[PDB]
Every structure is written in C-alpha cells, then in structure tokens.
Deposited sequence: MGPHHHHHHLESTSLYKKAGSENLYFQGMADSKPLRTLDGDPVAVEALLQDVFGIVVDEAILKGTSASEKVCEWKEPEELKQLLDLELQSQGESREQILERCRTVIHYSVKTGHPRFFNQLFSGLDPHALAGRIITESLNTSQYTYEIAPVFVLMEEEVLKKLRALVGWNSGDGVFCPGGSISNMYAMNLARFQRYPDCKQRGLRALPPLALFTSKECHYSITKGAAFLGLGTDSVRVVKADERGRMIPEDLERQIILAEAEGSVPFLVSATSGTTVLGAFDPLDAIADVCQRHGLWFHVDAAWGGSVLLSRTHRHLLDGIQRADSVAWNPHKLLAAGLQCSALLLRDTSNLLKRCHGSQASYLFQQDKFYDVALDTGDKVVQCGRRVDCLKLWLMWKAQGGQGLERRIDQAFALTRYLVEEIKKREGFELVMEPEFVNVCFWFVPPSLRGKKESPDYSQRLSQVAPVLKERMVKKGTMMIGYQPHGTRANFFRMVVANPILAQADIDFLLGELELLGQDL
C-alpha cells in the first residue's frame, strides 16, 4: 500500500519496458527472437513458485529476462502471424485499461467505457454501411463467429434456447474451404457437430464459388438438413482472399439464410476509400466479425461483432431470466448481450489510437501496407528463385523459395516433395539466427510455401530487401 514504494517500482519497471521491450523491441538492429530449447529456457527462467517472496531487484531482473527471451512481435522483421506492429497510442490505451482494471458489464462500474464502446461500434457499423444496429466486443474472432451461428439458430428456432438441439431438425451451415477453423470448432462447441459444416469450393484465387454454395444448399436440403446460415470470408488467413459477398448475399436472400461475413482480418480495409471495394456487398450481411487488432495493430483481443438487427435480438438470445430498482437506464448494461459475465475493456486501445491518428492516419497505414505489398511482389517477380503462389488480393504474399538445386527441375517426379522441404529448413535457420520470422504452411497439393504479411506499420522497403536477401543466403545449399 506504500505509495512511494509503488511508484518507484512501477517507474523502474516501465523504464525496462520502454528501453528493452518497446525501443529495443522495434529496432531492426536487435534480434526478433533469442531462441532457446525448451528445457534450457525452463532452467534460464526459474519458474517454480515457492513459499518465500523475492527482493525488488530479483523481480526487476525477472522482468528483464521475460522481455529478453520473448519474441519481439513488433519488430520490423516479424511476419509470422496476421498481427504485427506496436502502435504507441494503442499501447497507451492498453496500459490505462489494465490500470483501471474494470469489467465491461454495467454502466455503474464502467461508465466511460460503456459509452465509448457504443460510439466505436456505431462507427464500425457506419464503415460497414449501416446507420443503425447492435453489436458487442468479444474475446477473439472465434467467439464472434460462435455468437453469429448461435444468433442465427436462435433467430430461426428460438425454442432452442430452452429445449435444446434435440427439439430441432438437423441444421446445416455453409462456409468456404478457405475458412478459419473457428467455424468447425464453433459448430461442435455449439452442439451442431462438425458434420453440420458444409464446405463450399473455392475458385483459383481462394474465393468461394457462388454456384457451388447453392448447389451445396440444395443438396443439404435434399439430405434432410435445414440450411440456416452462410459464412463468407473477407480475408482468409492464408491467401488473403475476399469472398464475393454480393453474389453470396443473393444466394442467402434466395433461401432466406443468415448471411455472416468473417471479416476479422480484412474488415479493417473498410477504412480506405481506395481498397474498400474488396468488401462490396458487406452491407447486405446480417452479421460481421471484425478484428481491428490484426491490421491496425491495436492489440489482442480487439474483436468486434456487428449486427444489422435493431430488435435487441442480441439480448433476447444471450440474456437470462432475472433491475427494477436501479437509478439509471439499464439499457446501458450489456450483460444480457453476451454469454460471458465479466468482460475486459477492449475499446480504449482502438479508440485512443483512432483519436490520435484520425480516420486519415489509419487509411494511409492500410494504403501504405498495400503499397509495400506491391514492392514485395515486384521483387519476387524480378528475383530468380522466388516463385509467387498466386497474385495477392490482400497483404498476404504467398511464395516459394526454389533453391539452386531445384531450379529448372520442375518436371522431376519428386520436385514437389523436395521443394516442400525448403521452408521448414529456412524457418528453423532464421529462428535460431534470430533475423526474422516468416510463416509457412502447405495448402492442399501445394508444397510448403511462405506467407508474408505486410502489416507492420513501421515496415520499409529495406526490410523487404533484407528478408528476400536473407532467404537467398539461408537456402543457397538446399
């Protein structure tokens, strides 16, 4: 409780965070990762909790250690996930949130943030194209899609809330083959079962095929299942595709189906007049999942769920059966909207950055990410040994690195099997060297290829010249 000791502690800890985590964490001169084999890091960390406390110095050193051996996700050469970058205003928002440590649950304990969330959700709905609606923030995009499924099930068969799924006919939902696994996880968690997820084929560019969607819908109807929801993707996690929302909307409307748009990754594109055409027709959706923590670098878990409904379907669905004595408009309380009880404050980090950058500052960051995606594509097409998997529609640049030993050997019967062995070796070498982290995955018959993500707001051409030169160095003997 001693205030002077507390301030001195937090100020000392903040100095280590600033120097070692923020400044040194975003410097290209430092490493992205200080690799240690698990057991060696176990010993280095000395994690075992004990009965006796430790001195101030031993804790501050545990901070320096935790920072040092952690990956620097805000590094200009961190391309391993869909998120990248460390916005200082967002960080300022994050710190204020953790210090106030409240629950986004009632106006009584979170008055500022209960209103802030309403405004932010109102702006997001505007960028979607709605002048009215409902919505909530959720802990991750996976939960935003489970809400959408559940809301569709309840909107069509409200008895499900009480009698359960055994009182309903078999239900069928539809999503692209390029979806995030959160649809199949949510379907089983919601009791529908993985079989209830009918996969729709994607075209050459990774976009759902509206002709096959209805073909699936009609077949599902013929098997006894009842179509109720369609999930399009506006920014797949691998290729960065954008499903045709206006063509899928037509299909949903022709069958009176819930139209949900998983825009967790690509929904942030709606802030740029230049590239927002990629989500044309999204205003015809019933629900939209949108994670500004990915592209705008707001920090996890910035995950929103927007709804076009204006009848409190959200409260009637996730509400309970239990005030009439409180001294304020209880419409501000959002407890009946979610199935959670306590909920973090996830709007401040986004709102504060948005206040500092302005709508313009965030547009340029999106435009600046698309611009650098062109530069990366330029260098891949100009450089030998780098082969683009496909033309990128987003900031996801998928590409192989063909080492010298395989260039020209495409007609070899085992060309695929050996080329698939290249990225795993290049990934291991870059992590242990600590120079960069790039993701890679197989995609069906396609061999292990990289997946760059041009999203870090401090990225520069020099970083793309390095990672491309770095791969050439690390794969010269392959």
Practice problem: Numbering from 1, run down the deposited sequence and write out every stretch that has no C-alpha in the structure. | Solution: 1-39, 362-365
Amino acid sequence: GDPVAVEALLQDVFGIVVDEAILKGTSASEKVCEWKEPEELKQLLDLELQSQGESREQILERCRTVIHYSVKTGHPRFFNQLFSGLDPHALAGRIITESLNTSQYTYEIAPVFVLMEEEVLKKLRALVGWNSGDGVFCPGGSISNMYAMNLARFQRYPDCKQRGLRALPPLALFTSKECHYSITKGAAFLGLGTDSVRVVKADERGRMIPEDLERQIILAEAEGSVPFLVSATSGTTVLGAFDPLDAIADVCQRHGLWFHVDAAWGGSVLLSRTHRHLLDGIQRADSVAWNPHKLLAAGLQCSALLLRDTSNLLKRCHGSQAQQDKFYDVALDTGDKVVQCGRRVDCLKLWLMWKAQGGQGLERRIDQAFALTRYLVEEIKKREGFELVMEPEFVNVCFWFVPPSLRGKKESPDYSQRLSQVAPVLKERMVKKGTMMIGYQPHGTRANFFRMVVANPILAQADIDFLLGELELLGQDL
From here on, numbers count along this sequence of modelled residues.
Exercise. Can you let me know which of the two, 111-119 or 313-321, has the higher average C-alpha B-factor in the entry?
Key: 313-321
Practice problem: Tell me which of 334-342 and 142-150 has the higher mean C-alpha B-factor in the deposited entry. | Solution: 334-342
Quiz item: What's the residue among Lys382, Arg276, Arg365, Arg205 with the greatest CA temperature factor in the PDB record?
Solution: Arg205
Quiz item: Whose CA atom has the top B-factor in the entry, of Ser231, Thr184, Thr373, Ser405?
Solution: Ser405
Self-check item: CA B-factor placement of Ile22, once the chain's modelled residues are sorted into thirds
Solution: lowest
Exercise. Rank-wise, by C-alpha B-factor, drop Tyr415 into the lowest, middle or highest third of its chain.
Key: highest
Quiz prompt | Chain-relative CA temperature factor third for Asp243 | solution = middle
Quiz item: Once the chain's modelled residues are ordered by C-alpha B factor and cut into thirds, is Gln58 in the lowest, middle or highest one?
Solution: highest
Quiz item: For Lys409, does the deposited CA B-factor place it in the lowest, middle or highest third of the chain?
Solution: highest
